[PDB]
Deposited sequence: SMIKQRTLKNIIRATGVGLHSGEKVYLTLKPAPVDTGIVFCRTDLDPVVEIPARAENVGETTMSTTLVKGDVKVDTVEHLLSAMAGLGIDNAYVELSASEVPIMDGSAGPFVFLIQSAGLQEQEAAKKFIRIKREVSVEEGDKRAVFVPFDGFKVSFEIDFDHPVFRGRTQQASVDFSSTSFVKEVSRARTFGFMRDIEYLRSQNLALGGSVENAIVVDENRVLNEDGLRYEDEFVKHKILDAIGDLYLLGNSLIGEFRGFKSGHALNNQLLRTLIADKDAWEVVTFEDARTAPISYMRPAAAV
């Protein structure tokens, strides 16, 4: 039986604050027809401005992943897009009453729960996948992000913080591992060493122990502890999954990041897209060879 596109079964609402802007924001997820993709929509503006969640619309990547259209921004899409990718949602509208997606608890957990509580709806159209046919890598200094052919979906990531809290590598093959259980609850994180500079630039205004792992010099400040023994590298993997979903289709292949971030993730997407001989679009009317 054919693998079909999926949208949301029902409308989903959530409230929160932007990690970086600190502004209160109302979020609304709505079903969308086949071949819509994920589309963000600023409903605080008149007319409403819609920005497709696609690599070509990525603006700055200095802190989070940001979408731009003219003068209009949608900040910090990566954790919600990761939740969307992890649940295989092809088509959806994401309405926002402000320029930044709410941070929630810092992870994708709340989004995957809200989505699954509403339910998913299968649609009468073949789901399209992007299959990696040949290796594609981008580098900058010692940082590196790579796509590798792989009959499945696998994300591996390595970070290199010289910090006592870290004393940092994980590979997740999603044919054996649940995104929901092992990745989705990984919270974003930041350092007291950086926060005075960030706040002076009006960044991370909404960040606190309520929505992030806050790492001091000599300890984590959150009194409740880590959700995963390797929560930090698992959050980087979460980030990559949402960043990679800006291809606009589920990936058949492997991502490897070494000290990568949103900027290098998007550069890898742009290199992949331009190298047409490195990938092809496939559907599964007969699912017997599907990974």
| property | result |
| --- | --- |
| Gaps in the model (deposited sequence, numbered from 1) | 168 to 170, 295 to 304 |
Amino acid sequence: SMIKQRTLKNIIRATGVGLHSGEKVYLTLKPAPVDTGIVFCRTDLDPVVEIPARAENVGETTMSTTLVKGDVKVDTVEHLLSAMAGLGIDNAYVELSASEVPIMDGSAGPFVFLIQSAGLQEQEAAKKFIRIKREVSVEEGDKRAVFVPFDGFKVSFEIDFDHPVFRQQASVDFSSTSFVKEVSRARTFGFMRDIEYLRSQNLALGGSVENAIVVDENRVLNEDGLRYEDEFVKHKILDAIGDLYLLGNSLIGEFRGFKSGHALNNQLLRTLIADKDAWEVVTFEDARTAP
From here on, numbers count along this sequence of modelled residues.
{"property": "Between 216 to 224 and 70 to 78 (mean CA B-factor, as deposited), the higher", "result": "216 to 224"}
{"property": "Between the two ranges 259 to 267 and 40 to 48, the one averaging a larger CA B factor in the entry", "result": "40 to 48"}
{"property": "Highest recorded Cα temperature factor - choice among 125, 209, 85, 195", "result": "125"}
{"property": "Options 254, 231, 60, 243 - largest CA temperature factor per the record", "result": "60"}
{"property": "Chain thirds of CA B-factor: placement of residue 64", "result": "lowest"}
{"property": "Within-chain third of residue 90 by Cα B-factor, per the entry", "result": "lowest"}
{"property": "Ranked C-alpha temperature factor of residue 183 among modelled chain residues, by third", "result": "middle"}
{"property": "Relative C-alpha B-factor of residue 141, binned into the chain's lowest, middle or highest third", "result": "highest"}
{"property": "For residue 20, the third of its chain into which the C-alpha B factor falls", "result": "lowest"}
